[PDB]
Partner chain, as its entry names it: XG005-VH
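Next up: just one chain, as structure tokens, the form deposited without its partner chain.
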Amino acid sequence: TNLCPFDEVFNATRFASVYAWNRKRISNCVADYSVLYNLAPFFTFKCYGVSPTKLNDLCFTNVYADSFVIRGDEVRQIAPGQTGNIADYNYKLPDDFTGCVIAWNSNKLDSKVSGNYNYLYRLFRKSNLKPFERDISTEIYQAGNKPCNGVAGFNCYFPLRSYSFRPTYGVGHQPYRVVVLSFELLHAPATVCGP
């Protein structure tokens, strides 16, 4: 009875910035999906292609868990066929995505009175991300036509911005922790079952 390390992913001390989102490979274990009570008043559990009810009855070869922190009104962008800064430049799910998206409020853990600037996101990129792509580039974004030289110069921008998180923010501006469970099935072995 090998329990899959879900305590590592969901109950981690700190999550990754969405531009540098964190993927945790899970294999050869017993997946107990029933431990997620709410751990937040405002909480989201959306699944695509698979049914979360009777989810701990199926088997998959590999199960990838992506985790990061975004704002409350960017949670809708973690879904197939979505557009916006987070979907376009930070984390993109495919149209035929199979899996579940779990989001919950983290105002008590991630907001600070003096402002929490540790969580970052990408604000400019030349093109949208391909599905499941991860861009941690720090190259200066050339908006104009004069090359941006590496720093000082007009119409140049550092591509990454800071999520300021203060506890008095509205729900839409509050930090939400996101876990994306990608289910992979090449049939044959299906080493991750979890009765």
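Numbering follows the first chain given and starts at 1.
Mean C-alpha B-factor higher for 50 to 58, or for 165 to 173?
Comparing 50 to 58 with 165 to 173, the higher mean C-alpha B-factor belongs to 50 to 58.
Mean C-alpha B-factor higher for 142 to 150, or for 122 to 130?
The entry gives the higher C-alpha B-factor average to 142 to 150.
Which one of 69, 65, 30, 160 shows the biggest C-alpha B-factor in the PDB entry?
The listed residue with the largest C-alpha B-factor is 30.
When the modelled residues of the chain are sorted by Cα temperature factor, does residue 17 land in the lowest, middle or highest third?
Its C-alpha B-factor belongs to the lowest third of this chain's values.
Lowest, middle or highest third: which one holds residue 185 when the chain's residues are ordered by CA B-factor from the entry?
Residue 185: CA B-factor falls in the highest third of its chain.
In what follows, reference is made to the form deposited with its partner chain bound, a form of this protein that is not presented.
Give, in sequence order, every residue of 94 to 111 that has a heavy atom within 4.5 Å of its partner chain in the deposited complex, or say none if there are no such residues.
Going through 94 to 111 in order - heavy atoms within 4.5 Å of its partner chain in the deposited complex - the hits are 107, 108, 109, 111.
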